[PDB]
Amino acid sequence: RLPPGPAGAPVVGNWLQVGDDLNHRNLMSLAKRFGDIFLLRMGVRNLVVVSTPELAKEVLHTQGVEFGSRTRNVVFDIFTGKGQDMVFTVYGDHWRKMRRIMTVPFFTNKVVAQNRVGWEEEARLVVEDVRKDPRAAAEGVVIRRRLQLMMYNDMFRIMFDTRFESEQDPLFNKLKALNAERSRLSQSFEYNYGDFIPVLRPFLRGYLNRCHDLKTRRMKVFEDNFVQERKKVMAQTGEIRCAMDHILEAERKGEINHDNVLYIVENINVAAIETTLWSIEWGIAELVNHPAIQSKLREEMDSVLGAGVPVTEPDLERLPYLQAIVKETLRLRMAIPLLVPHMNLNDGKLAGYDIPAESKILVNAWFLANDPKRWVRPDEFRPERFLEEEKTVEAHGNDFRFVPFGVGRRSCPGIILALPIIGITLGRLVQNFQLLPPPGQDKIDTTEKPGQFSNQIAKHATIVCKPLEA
C-alpha cells in the first residue's frame, strides 16, 4: 500500500537514521536499496522520493494537478504568508491567478526582447571589470562574486528597470545580506525538530521571531527602495515600464493585494538570482577543466558571428554548441537537483502505492539526468551528446530524463530568461578570456556540495581570466 522504505522508529521516524541532509546523492543510495519510489518519515512528515522518468512524468504531468501543490512548514509560512506568494502556494485559484498575472510582465518573448540588451551589457561589464582586475590574469578571481552583481542587475532591470552600480553599492550589499538571511533561515536544519515533532513547536518561538524580523526588514527594503519608486514613476510617467509596474497595476485593479505584490518580489529574489548563478559558475568551472570544449566554443562564435563580434541573445539559436554546453551544464551539474517539493492535497497514488495527503514529493531530477542506465556515460561533461544521441532533448523537459526546469503546470516559467542569460554570459566570457585554473593547479576543484535545495560547487571557483590579446 505505502511505498517501501526503511522502517522508522517512534516519534523520530527515519530522522535519526538518515539525518538532516537529504540530497540527490544519499537519496540515490536509498533508491538503490528500496527502488524507484520510497518513503521516509521525518518525524510526522511523509517524504516520497521518485527516481525514474516514468514517475517524474506521473508527478509532473499525468497527475500534475493531484501533485501540483507545494509543501510548507512554520518557517516558509512566515516568509510566504502561508502561500500568498507564487512558488509556495498550493494548487488552486490563487496559484492560477498569480501564474497568469506574472506571464506578460516576466515570462514572454517580448520580455526577452525588451531586456536582452541589458543582459548583454551586464555581461560585458563583467568582462570589463574582470579584464581590469590585476588578480584575474595572475592568481585568478572568485568570479561568481562579480557574476552575482550581474544576476542582480539582470533581474532588477526586469523587475524595476534599475541596477546596482558596483559590488560596493550600499543598497546592493544590504539587499544581498537580507536575501542571504532569508534563505539561510528557511534552509537551516536547526528548526527541523519543531517541524518533525510538532508538539515542540513552542520552542521555535525565538527562531520564528527571527524569521518575522527578517521578513520585516526585507519587505521594508523592497517597499522603500523599489516598490514605492515605481508607484511614483508610474504616476508621473503615467505608464507601465517594467515588470513590477504590471504587478502594481494588477493591485490597482483589485486583482491582488499589496502583500501579493511583495511576495512576488520575495519569490523572484530567491528563485531567479543565485539559482542562475550556480549554473553559470558550474559552466565556467567545466569549461576551465575541458579546454578542448572551451576552444571549440570560442571557434563556433568566431565562425558564426565573426571575430570580435559580441554574442547577443538572437545569436543563441545559431550557436548550437553554446546551447549544448548550457544544457550539459544543467544536466551534469544540475544545481536545483531535487526541483522544488511537490505535494498532494488529497490521498493519491504513485506506481500503485498509496500516498498520504500532504506528503512531500521529491523528484530526483539530478539522478534522472545522470542515470548510467539511461544516458551514454553521463559522468562525462560532453556537450556533444546534445548534438548527437540526445540531439532532440531540450531543457524544457520534452524528455523526462532531463527536467532541470520541471515539466507541466508547476514548471519553471523563468526558463525563458535563464537560458539566454546563461548562454550570453558564458559566451561573452569565452569570447574575451582564456578560462584557466590558478597557477598551482591543473583543474578547478569541481567537488559537489549537494543539499536538499541546491547542488553548488562546494568551493567557489577561483578562475584565471587571461585576456585573449594578452
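For every residue, the number given is its place in the sequence shown, counted from 1.
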Would you mind comparing 220-228 and 265-273 for me and telling me which has the higher average C-alpha temperature factor in the entry?
220-228
Out of 415-423 and 25-33, which stretch has the higher average CA B-factor listed in the record?
25-33
Would you mind finding, among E181, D213, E358, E313, the residue with the largest C-alpha temperature factor in the entry?
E358
Between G406, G68, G43, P438, which one tops the list for Cα B-factor in this entry?
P438
Thinking about Cα B factors across the chain, which third does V376 belong to?
highest
In terms of its chain's C-alpha B-factors, the third that includes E165 is the highest
Taking the C-alpha B-factors as the PDB entry records them, is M159 in the lowest, middle or highest third of its chain?
middle
Tell me, lowest, middle or highest third: where does the Cα B factor of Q148 rank within its chain?
lowest
Among modelled residues of the same chain, the CA temperature factor third for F76
lowest
